[PDB]
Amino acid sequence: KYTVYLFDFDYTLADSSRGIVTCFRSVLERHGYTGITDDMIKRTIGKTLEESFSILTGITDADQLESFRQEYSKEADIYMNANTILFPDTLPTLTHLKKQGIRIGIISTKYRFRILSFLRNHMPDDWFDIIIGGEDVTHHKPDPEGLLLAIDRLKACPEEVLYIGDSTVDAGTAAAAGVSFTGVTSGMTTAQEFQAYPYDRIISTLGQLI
């Protein structure tokens, strides 16, 4: 039995893909990168901004990637949370878990400040026994640093922890952390793709968690 459910954010608790595609596109196109499709961008969602830019442009220079990251953040300040929506099952699910007395948290590559700002005008404050974002860690998912950090801060036993995500990055993160995984196909990752990694279940919607 799990007493702690930890969630990925993008594509798992919230559909942020419209805001994410808008911000990536503005930056890519200001630098001359054309014919990059929405799907090409969406498939990188949940990688670090630097990883995403590298995949899409082929640039590896640390300075240039940092510069894209900064330019992206600036767009995101404007468009991100305005173009992020809740999933149909987000609020009822998390309400149901909290009534069970399960502890909930978020481990995400998106900046925590960005998540909190989203949460402020969507979820009841303050849901969420712990939130670890991209700025809280040096190494990012699939590195287990953030996940292990959260488990540590909660004084949890990994045996009682379920990690829930939409991507193979998330699946890799749970495995690396030695915690149970439940995949949700609400992102761009299919049930066939999750087969490469350990899981309990693979569900279509978060509501199926209940």
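Residue positions are given as counts along the sequence shown, with the first one as 1.
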Would 53-61 or 145-153 have the larger average of its C-alpha temperature factors, as given in the entry? 145-153
So, looking at the entry's B-factor column for Cα atoms, which has the higher mean, 118-126 or 81-89? 118-126
When you compare the CA B-factors of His139, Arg103, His96, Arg112 as listed in the entry, which one comes out on top? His139
What third of the chain does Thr22 rank in for C-alpha temperature factor, lowest, middle or highest? middle
How does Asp200 rank on Cα B-factor within its chain, lowest, middle or highest third? highest
Once the chain's modelled residues are ordered by C-alpha B factor and cut into thirds, is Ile45 in the lowest, middle or highest one? lowest
Is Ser167 in the lowest, middle or highest third of its chain when residues are ranked by C-alpha B-factor? middle
If you rank every modelled residue in this chain by C-alpha B factor, which third holds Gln70: lowest, middle or highest? lowest
